[PDB]
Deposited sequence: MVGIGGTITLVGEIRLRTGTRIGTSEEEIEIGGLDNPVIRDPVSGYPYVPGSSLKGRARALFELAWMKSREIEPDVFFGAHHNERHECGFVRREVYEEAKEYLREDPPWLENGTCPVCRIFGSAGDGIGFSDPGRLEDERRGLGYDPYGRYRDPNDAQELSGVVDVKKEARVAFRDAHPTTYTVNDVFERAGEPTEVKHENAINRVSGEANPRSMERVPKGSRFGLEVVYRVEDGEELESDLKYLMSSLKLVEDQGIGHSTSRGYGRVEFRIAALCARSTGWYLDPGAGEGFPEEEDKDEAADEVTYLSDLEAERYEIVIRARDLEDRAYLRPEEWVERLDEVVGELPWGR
């Protein structure tokens, strides 16, 4: 593998202001999904890591599906139109399943599923190895859409191969407002106030700390994962961290100042350390990445700064993608 982590560090800037929370009514009618909620502890609005991850996953899986022109029946299976889950999460699974495949599942790349391997999966949620479920009208699609990919008679064999849970390679830290956001942005607007345990709103320009941790598991999929992870963040930028019935809700920017890497080997000799954010990083960033001033420096093996790649304090998700060859070359994986 071997293991260890790559940590994205920066902040989320809102391009638009938002309400805090939702309502019983909107929740009932199936309308406004708003991830920005009140923190019982601090009393300030924040964006839970799980909500960011969920949103990034929901948008990426759709983009992945359409980019490969896959019919939703095939892509979502028994889940119909959302939450794609498959067990093709490691190359072993595909090699092991290849004998029973008439044709490659179209959402696969080099034998594995980017959606599920990155954002996790409960297993064979789409029911790829469960034709009985698929063909049932109430429990499935009323037919088997996977005929061309596998014989329904080989499903029970597949069911011992392709139905394995996978823990997500990415984890999002709860995004709380930065000190700048509390002392300046919130103060300038007179809202929101400290309301521990609407009619207050989160002003446009508000900034929430961004930490995203990616677990390196497969060196061969490292760069590809980073591309898709960044891409999912780009999608969240374009479509919002939340949504109403009609359009996106909560326009955001992911201002990513650095990629911070720690390999398993490095834990044996921590002293070979690059710190982030250091004082220099803080002077270079804020006012552009305000979260850095709230942070004490942490020890990493290698720190890739936006400043190393470009005359910038931060790069946006799509900008990191364009320079990923350059980035991965400097990381302690792939020799």
- Task: No C-alpha coordinates anywhere in a stretch? Then put that deposited-sequence range on the list, in order along the chain.
- Result: 1 to 2, 200 to 213
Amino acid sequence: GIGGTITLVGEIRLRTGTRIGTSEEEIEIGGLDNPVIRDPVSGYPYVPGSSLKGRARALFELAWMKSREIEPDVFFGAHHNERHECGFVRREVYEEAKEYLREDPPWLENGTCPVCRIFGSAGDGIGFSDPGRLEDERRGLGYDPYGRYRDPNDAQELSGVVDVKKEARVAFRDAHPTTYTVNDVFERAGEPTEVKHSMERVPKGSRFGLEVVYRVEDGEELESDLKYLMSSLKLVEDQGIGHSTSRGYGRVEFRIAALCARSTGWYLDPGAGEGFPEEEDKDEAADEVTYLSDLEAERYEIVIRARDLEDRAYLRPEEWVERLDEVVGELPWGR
From here on, numbers count along this sequence of modelled residues.
- Look over 308 to 316 and 20 to 28 in the entry and identify the one with the greater average Cα temperature factor. 20 to 28
- Item | Comparing 62 to 70 with 47 to 55, the one whose average Cα B-factor in the PDB entry is higher | 62 to 70
- Message: Between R247, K165, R169, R173, which one tops the list for Cα B-factor in this entry?
- Response: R247
- Query: Which listed residue, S121, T112, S232, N153, has the largest C-alpha temperature factor in the record?
  - Reply: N153
- Message: Among the modelled residues of this chain, does the Cα B factor of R83 put it in the lowest, middle or highest third?
- Response: middle
- Sorting the chain's modelled residues by C-alpha B-factor, tell me whether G275 ends up in the lowest, middle or highest third. middle
- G140: which third of its chain by C-alpha temperature factor? middle
- Item | Third of the chain, ranked by Cα B-factor, where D294 sits | middle
- Query: When the modelled residues of the chain are sorted by Cα temperature factor, does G242 land in the lowest, middle or highest third?
  - Reply: lowest
